[PDB]
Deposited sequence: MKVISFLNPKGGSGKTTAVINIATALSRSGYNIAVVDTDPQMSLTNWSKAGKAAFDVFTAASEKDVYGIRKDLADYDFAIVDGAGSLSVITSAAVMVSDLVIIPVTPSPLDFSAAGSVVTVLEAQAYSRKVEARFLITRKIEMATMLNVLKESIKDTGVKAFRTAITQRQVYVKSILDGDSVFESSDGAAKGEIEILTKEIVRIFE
């Protein structure tokens, strides 16, 4: 029972949009996924209300839940946790039971200076728990992506080769009540799949 947690307090990063599409992909590979929504506004949970999501959704009300992900969601292969926006007993909650931690970040000057808090929480664990960086909403602004890329290594943690581009299908898809794998955009699906491939590799 491996646990993947997408953490990063700075909102408008990509956690939920990432969690949906990525787990959706993991489901399409035979894995019995179980996404846990912790956001106080159950954003992902609402989106799941529309149509039957490829994965099973669980709404955790308090830290007392994020901690049982091990004993409760034991029947599932993966247990993806959609972090909230506030570093309370939730960010440290995930890291404590998770087996892998993804930090979604945007190519912004200060939208990344909020991830560092997470990287520090991981330290407290080392048993050590795996962790990588996820470049989301990647816009093609050369000069800054480099700024992001650089400041990412100074954290010690590495980031997946692939980065989710800031495409339209990601916003529209969620609006409807489904992922991008429910569209005709091969590009969007592409990266998601190659990224999901990397995620599974991490467990080798």
Exercise. Spell out the unmodelled ranges of the deposited sequence for me, N- to C-terminal, numbering from the first residue.
Key: 127-128
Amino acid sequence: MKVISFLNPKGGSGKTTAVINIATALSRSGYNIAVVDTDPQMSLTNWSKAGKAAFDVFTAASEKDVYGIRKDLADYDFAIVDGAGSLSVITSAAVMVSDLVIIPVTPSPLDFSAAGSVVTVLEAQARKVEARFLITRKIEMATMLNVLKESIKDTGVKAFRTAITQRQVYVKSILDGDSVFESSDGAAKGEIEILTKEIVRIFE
From here on, numbers count along this sequence of modelled residues.
Quiz item: Is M141 one of the residues left unmodelled in a third or more of the other entries compared?
Solution: yes
Self-check item: 173-181 set against 146-154, stretch whose average Cα temperature factor tops the other in the entry
Solution: 146-154
Practice problem: Using only the Cα atoms and their B-factors as the entry lists them, report which of 183-191 and 20-28 averages higher. | Solution: 183-191
Practice problem: Going by the CA temperature factor in the entry, name the top one among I80, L134, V101, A124. | Solution: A124
Quiz item: So where's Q41 on the chain's Cα temperature factor ranking, which third?
Solution: highest
Self-check item: Position of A61 among the chain's modelled residues by C-alpha B-factor, lowest, middle or highest third
Solution: highest
Practice problem: Just say lowest, middle or highest third for the CA B-factor of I164 relative to the other modelled residues in its chain. | Solution: lowest
Quiz item: Going by what the PDB entry lists, where does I69 fall on CA B-factor within its chain: lowest, middle or highest third?
Solution: highest
